[PDB]
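Heads up: the structure comes next, in structure tokens.
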Amino acid sequence: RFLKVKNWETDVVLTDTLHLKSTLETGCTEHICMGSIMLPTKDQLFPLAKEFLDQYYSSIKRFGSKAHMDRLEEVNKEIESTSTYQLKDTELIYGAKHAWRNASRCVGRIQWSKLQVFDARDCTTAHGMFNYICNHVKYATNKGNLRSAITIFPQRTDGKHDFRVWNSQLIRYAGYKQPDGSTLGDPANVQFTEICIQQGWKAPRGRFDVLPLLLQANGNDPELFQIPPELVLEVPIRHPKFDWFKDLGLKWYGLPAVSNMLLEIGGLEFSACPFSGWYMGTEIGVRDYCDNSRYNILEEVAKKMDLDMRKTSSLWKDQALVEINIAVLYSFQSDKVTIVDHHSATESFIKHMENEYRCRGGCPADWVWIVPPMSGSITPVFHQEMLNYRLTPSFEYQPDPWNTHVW
Amino acid sequence: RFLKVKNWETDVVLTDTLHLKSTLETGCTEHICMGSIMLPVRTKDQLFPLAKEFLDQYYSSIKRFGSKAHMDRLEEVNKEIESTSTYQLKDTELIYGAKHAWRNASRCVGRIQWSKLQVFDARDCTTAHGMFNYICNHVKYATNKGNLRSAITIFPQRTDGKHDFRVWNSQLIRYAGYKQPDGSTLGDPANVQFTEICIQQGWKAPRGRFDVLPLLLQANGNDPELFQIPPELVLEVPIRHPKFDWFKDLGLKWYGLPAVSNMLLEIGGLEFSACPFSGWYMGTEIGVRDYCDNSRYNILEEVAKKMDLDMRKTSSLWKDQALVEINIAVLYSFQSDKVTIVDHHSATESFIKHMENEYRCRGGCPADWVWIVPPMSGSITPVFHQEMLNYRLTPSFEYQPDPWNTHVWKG
Ligand code: HEM
Ligand code: HEM
Ligand SMILES: Cc1cc(N)nc(CCc2cc(CCCN)cc(CCc3cc(C)cc(N)n3)c2)c1
Ligand SMILES: Cc1cc(N)nc(CCc2cc(CCCN)cc(CCc3cc(C)cc(N)n3)c2)c1
Ligand SMILES: [Cl-]
Ligand SMILES: [Cl-]
Ligand SMILES: [Cl-]
Ligand SMILES: [Cl-]
Ligand SMILES: [Zn+2]
Ligand SMILES: [Zn+2]
Ligand SMILES: [Zn+2]
């Protein structure tokens, strides 16, 4: 109701008033904190619409103006008549930027206002979706000098005509289970890869096979498309000191682009709204490369550095982990593909959070996600108390469509 | 109601029922999570239920629930409360209580060990001098020449809140910090304020980088008193690195015995405001936190200078490199001197096995992810990918305000 957050490294105390405008629910109760769980009608719509428009018109400093009232009237009339309503371009651009501004798990938010928004509300077919996505990918990649972007397909209507991108990211590598029993490629993508082969994809059956897009337009059955290979910028991974590192045959793609979330603005639901920024290095070197359920390369790198792997207390895992991460950052930098390291990224977020407290009265942040997955306490976010709550406009999770889709 | 937690690395799903026995509050509401906030006189009326529920837990655990002995103990405690406003725990209840507070401590990665806790009952203690003696015996027993043993010493419980026993130190063993006129700090900056108090109370400070603090001890609500732990009872480890011969020349060392002395033990409604407890270190506590926090010894720069890392840009990951070597050094030093220490890989693996075992046997294991996950190498430890549920069970360890803010000076 008037909350304080302390930074334990610096002693700075900040006060949060923004949480009073909190809308959705957290998962937590007074008896039980769910902070570390990954996923914890016309009547309904007008309140949601009003609340959003009120925040839109106050942001442009015309709250209570005729233009404010007139728009509220017009949206109200349109909902009564058509049971939905259409956002103005300005309202759409504002809402998408704020969905990012509100993303409590995103360390990269200092950038929130520089999002490029592509309005794909005129799209009608999976083929249109594919053209729109290719242009997004190329615009955002920008020869390695990456730029934030989102592409917004038509909103949900009766729930039977959803646009969806079936892929979880625009760019990801396939996964195949072997006769052997091991996994070839990225183990995270095995089920989706099976859906693609099931739908006709000719799988190359390599380690780093860029998956086809599977696109669903207007609630129709999804269709398959291959992104032009020349549009998928990749980086081979080398180490600035270890000659042998390149012989692991490792590479990653430059563009991180989340494609399976739902964007809710003023009550309306944009179920296909892929968005991309650029990588923080640990995302690849720690998660993609080192998670036991991902490419899982810690053991091989350690073996090549010739460390004493007999006992955990030599910190051989920790040594190999730092080196993999050095290689990731070095490789992206040498090829001039935008990347940020966790020190720089978290320092930036702390400056952002201070701005947001000063100018907005708050910044919802989820500590579990904001603190990098290596070297936590040496980054400034570790010691920063944070309050996690849900503001709207927002990005939300939604079920994988192959569980939902009547074929 | 059943609550499921998932592990994202293995896909194992567990079901929590234990949360149904949750009593205290989390700080969280349906609108706000306070999972990353550090900090979240009893009448007869409130006391009997709290006593009753504790004694029911105790009697269940010994398979005597509903026995004549159980019922007599309830009646006995009941009368004692209405007649004297409080009650005294049997020794077995105190032991069981103290083990449970640890079992229930959701920020503790070390809990696989909870059932091996040496409890020293110091409820007959009446003076600060008595406290000193009890604490020296704790330290010597727990140190055991490097082969560390868990232990807790329990002084008399709160009565009217005007007669509290308190250990004013935050740990039994910690190093002084001295703020200098030039703004710099000598020793441990975490302990500057407490060092000022000790000096104000009459301690002659050596003013070095690693001076062991005196104990400042309050018995029966009296003004506290200073005592020097016998130097021969303070086990220390000089820090060296297995490959880098210049590391020793940094002048680093640390004490072997981690001993938390400022918490409150609640059992069956009763409040034990002095209850120092100790185990052994996980290496990261010294190497990541005590050495590398900026508001602590802050050695990252100096170590990286010596390794001659590229310090011109954070993206060389020079900080991460110095951090690993420092932590390698801490573990190597303790092992070489035969003083118990655990690395974070080993400790988190143990905790995950503990936790699964707790789910099967107990129906839950409350855990605080923010604290359980280590401050380096988070995700290559098996706790990172483990969903946890955080809730509060009694008996428990609780925070209490520092006694210098609340103490009524007798003079
Ligand atoms: C500027 C480049 C960006 C960087 C460096 C960045 C950084 C991150 C990181 C590190 C995570 C957590 C992943 C992890 O745990 O390792 C994250 C999550 C997230 N980011 Fe950002 N981000 C950026 C751009 C964006 C943009 C443009 C949006 C939306 C427009 C966005 C919205 C989110 C959302 C919704 C999540 C959480 C996804 C989930 O809950 O699963 N990010 N981002
Ligand atoms: C046996 C060796 C032990 C190890 C390795 C161990 C490990 C830890 C670690 C790593 C933390 C978090 C400290 C940090 O890194 O910030 C912790 C916190 C805690 N531990 Fe354990 N522990 C051990 C024994 C015990 C014992 C014997 C007790 C009490 C009987 C205990 C109760 C707690 C409590 C109450 C906290 C939270 C402190 C706070 O909230 O500030 N620990 N322990
Ligand atoms: C727009 C954008 C930019 C950027 N740099 N990074 C992102 C990351 C989004 C993302 C995607 C995934 C897909 C699955 C694995 N690659 C995963 C994550 C983080 C997952 C995660 C899991 C768990 C269990 C904890 C935690 N802190 N984070 C985050 C998005
Ligand atoms: C009995 C016992 C054994 C053991 N190995 N470790 C402990 C924990 C002691 C402890 C001591 C302090 C005082 C300062 C350290 N020198 C602080 C803490 C909590 C540290 C902490 C702070 C913050 C801000 C976040 C976080 N995750 N952890 C924990 C207790
Ligand atoms: Cl990724
Ligand atoms: Cl992950
Ligand atoms: Cl410590
Ligand atoms: Cl800390
Ligand atoms: Zn992971
Ligand atoms: Zn919570
Ligand atoms: Zn710290």
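Mind checking which residues of region A:80-104 are surrounded by fewer than 18 Cβ atoms within 10 Å (Cβ to Cβ) and in a helix (DSSP H, G or I)?
Hits for region A:80-104 are A:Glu80, A:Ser81, A:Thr82, A:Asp89, A:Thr90, A:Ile93.
Based on what the data block shows, is B:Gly66 crowded, with 16+ Cβ neighbours inside 10 Å and not aromatic (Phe, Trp, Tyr)?
In short, no.
Kindly indicate which of B:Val303, B:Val260, B:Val288 is crowded, with 17+ Cβ neighbours inside 10 Å and away from ligand 2 (no atom under 16 Å from the Cβ).
B:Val303
Suppose the filter is in contact with a strand residue (DSSP E or B) (Cβ under 9 Å, 6 or more places away or on another chain) and in a loop (DSSP other than H, G, I, E, B); does A:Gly64 pass it? Write out each step before concluding.
Details: in contact with a strand residue (DSSP E or B) (Cβ under 9 Å, 6 or more places away or on another chain): no; in a loop (DSSP other than H, G, I, E, B): yes.
Spelling it out, it is not the case that A:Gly64 is in contact with a strand residue (DSSP E or B) (Cβ under 9 Å, 6 or more places away or on another chain) and in a loop (DSSP other than H, G, I, E, B).
Here's the yes/no breakdown for (1) more than 30 Å from A:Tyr56 (Cα to Cα); (2) in contact with a strand residue (DSSP E or B) (Cβ under 7 Å, 6 or more places away or on another chain):
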site: A:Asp318; (1), (2): yes, no
site: A:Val328; (1), (2): yes, no
site: A:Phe332; (1), (2): yes, yes
site: A:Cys359; (1), (2): no, no
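Considering each residue of region B:32-60, count those that are within 7 Å of chain A (Cβ to nearest Cβ) and touching a helix residue (DSSP H, G or I) at 6+ places or on another chain (Cβ under 7 Å), and give that number.
3
Return yes when A:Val381 is closer than 23 Å to A:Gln169 by Cα and within 13 Å of chain B (Cβ to nearest Cβ) and no when it is not.
No, not satisfied.
Tell me which of these B:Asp72 doesn't satisfy, since it passes every other one: (1) more than 8 Å from chain A (Cβ to nearest Cβ); (2) surrounded by 12 or more Cβ atoms within 10 Å (Cβ to Cβ).
Result: B:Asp72 passes all but (2).
One line per residue, one yes/no per condition, for (1) more than 16 Å from ligand 9 (Cβ to nearest atom); (2) polar (S, T, N, Q); (3) at the interface with chain A (Cβ under 8 Å from one of its Cβ atoms):
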{"residue": "B:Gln335", "(1), (2), (3)": "yes, yes, yes"}
{"residue": "B:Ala347", "(1), (2), (3)": "yes, no, no"}
{"residue": "B:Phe351", "(1), (2), (3)": "yes, no, no"}
{"residue": "B:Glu356", "(1), (2), (3)": "yes, no, no"}
{"residue": "B:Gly364", "(1), (2), (3)": "yes, no, no"}
{"residue": "B:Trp369", "(1), (2), (3)": "no, no, yes"}
{"residue": "B:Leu389", "(1), (2), (3)": "yes, no, yes"}
{"residue": "B:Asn405", "(1), (2), (3)": "yes, yes, no"}
{"residue": "B:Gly411", "(1), (2), (3)": "yes, no, no"}
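Considering A:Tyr397, A:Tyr389, which residue is of a type outside the set (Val, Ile, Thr), more than 28 Å from B:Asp310 (Cα to Cα), buried (at least 21 other Cβ atoms within 10 Å of the Cβ) and under 18 Å from the mean Cα position of the chain (by Cα)?
One residue alone meets the criteria, A:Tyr389.
When region A:178-198 is examined, which residues are found to be in contact with a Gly (Cβ under 8 Å, 6 or more places away or on another chain) and among the β-branched types (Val, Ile, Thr)?
Scanning region A:178-198 gives A:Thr183, A:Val190, A:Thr193.
Condition (residue is aliphatic (A, V, I, L, M), more than 12 Å from chain B (Cβ to nearest Cβ) and part of a loop (DSSP other than H, G, I, E, B)) applied to region A:313-332: is it met by at least one residue? Can you show your working first?
Step one: filter region A:313-332 for residues aliphatic (A, V, I, L, M), giving A:315, A:320-322, A:324, A:326-329.
Applying the additional criterion that residues be more than 12 Å from chain B (Cβ to nearest Cβ) yields none.
No, region A:313-332 contains no residue that is aliphatic (A, V, I, L, M), more than 12 Å from chain B (Cβ to nearest Cβ) and part of a loop (DSSP other than H, G, I, E, B).
List the helices (runs of 4 or more DSSP H) that sit entirely inside region B:343-411 and contain at least 1 residues that are out of contact with any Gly (no Cβ under 7 Å at 6 or more places or on another chain) and within 12 Å of ligand 2 (Cβ to nearest atom).
Those helices (runs of 4 or more DSSP H) span B:344-362, B:369-372.
Filter region B:259-272 for residues that are touching a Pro at 6+ places or on another chain (Cβ under 9 Å) and not charged (D, E, K, R) and give the result.
Correct list: B:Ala259, B:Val260, B:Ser261, B:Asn262, B:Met263, B:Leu265, B:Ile267, B:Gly268, B:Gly269, B:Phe272.
Which residues, counting only those in region B:29-57, are in a loop (DSSP other than H, G, I, E, B) and either among the aliphatic types (A, V, I, L, M) or more than 23 Å from the chain's Cα centre (by Cα) (or both)? Step through it out loud before you land on a result.
Going residue by residue through region B:29-57, those that are in a loop (DSSP other than H, G, I, E, B) are B:29-32, B:34-43.
Within region B:29-57, B:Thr29, B:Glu30, B:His31, B:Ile32, B:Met34, B:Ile37, B:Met38, B:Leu39, B:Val41, B:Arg42, B:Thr43 qualify.
Let me confirm something: among B:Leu20, B:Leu14, which residue is within 14 Å of chain A (Cβ to nearest Cβ), of a type outside the set (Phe, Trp, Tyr) and assigned to a helix (DSSP H, G or I)?
Going through B:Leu20, B:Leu14 in turn, the sole match is B:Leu20.
Can you pull out the residues in region B:133-185 that are of a type outside the set (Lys, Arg), part of a helix (DSSP H, G or I) and within 21 Å of B:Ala98 (Cβ to Cβ)? Spell out the reasoning first.
Of all residues in region B:133-185, those of a type outside the set (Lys, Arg) come to B:133-139, B:141-144, B:146-148, B:150-157, B:159-161, B:163-165, B:167-173, B:175-178, B:180-185.
Imposing the further condition that a residue be part of a helix (DSSP H, G or I) reduces the set to B:133-139, B:141-144, B:146.
Those that are of a type outside the set (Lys, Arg), part of a helix (DSSP H, G or I) and within 21 Å of B:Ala98 (Cβ to Cβ): B:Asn133, B:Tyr134, B:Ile135, B:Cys136, B:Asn137, B:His138, B:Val139, B:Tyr141, B:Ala142, B:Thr143, B:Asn144.
Residue by residue through region A:16-73, note down the ones that are touching a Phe, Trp or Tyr at 6+ places or on another chain (Cβ under 6 Å) and closer than 20 Å to A:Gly267 by Cα.
A:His19, A:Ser22, A:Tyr56, A:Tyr57, A:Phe63, A:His68
May I ask you to list pairs of residues, at least six apart or on different chains, whose Cβ atoms are under 6 Å apart, with the first in region A:88-109 being basic (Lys, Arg) and the second being within 16 Å of ligand 10 (Cβ to nearest atom)?
A:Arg105/A:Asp366; A:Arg105/A:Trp369
Any idea which of B:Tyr281, B:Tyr255, B:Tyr332 is buried (at least 24 other Cβ atoms within 10 Å of the Cβ) and among the hydroxyl-bearing types (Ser, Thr, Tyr)?
Details: B:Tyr255 fails: buried (at least 24 other Cβ atoms within 10 Å of the Cβ); B:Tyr332 fails: buried (at least 24 other Cβ atoms within 10 Å of the Cβ).
Exactly one of B:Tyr281, B:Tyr255, B:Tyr332 is buried (at least 24 other Cβ atoms within 10 Å of the Cβ) and among the hydroxyl-bearing types (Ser, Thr, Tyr), namely B:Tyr281.
I need the full set of residues from region B:243-302 which are in a loop (DSSP other than H, G, I, E, B), within 14 Å of another protein chain (Cβ to nearest Cβ) and more than 16 Å from ligand 11 (Cβ to nearest atom), in order please.
Residues of region B:243-302 that are in a loop (DSSP other than H, G, I, E, B), as a first pass: B:243-247, B:251-252, B:256-258, B:261-263, B:268-269, B:273-276, B:279-280, B:293-299.
The next check asks that each one be within 14 Å of another protein chain (Cβ to nearest Cβ); those that pass are B:243-244, B:280, B:293-299.
B:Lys243, B:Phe244, B:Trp280, listed by residue number.
Each value in this text was obtained by applying a stated rule to the coordinates, not by laboratory testing. Cβ: placed from backbone, ideal geometry, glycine included. Neighbour counts: every protein chain shown.
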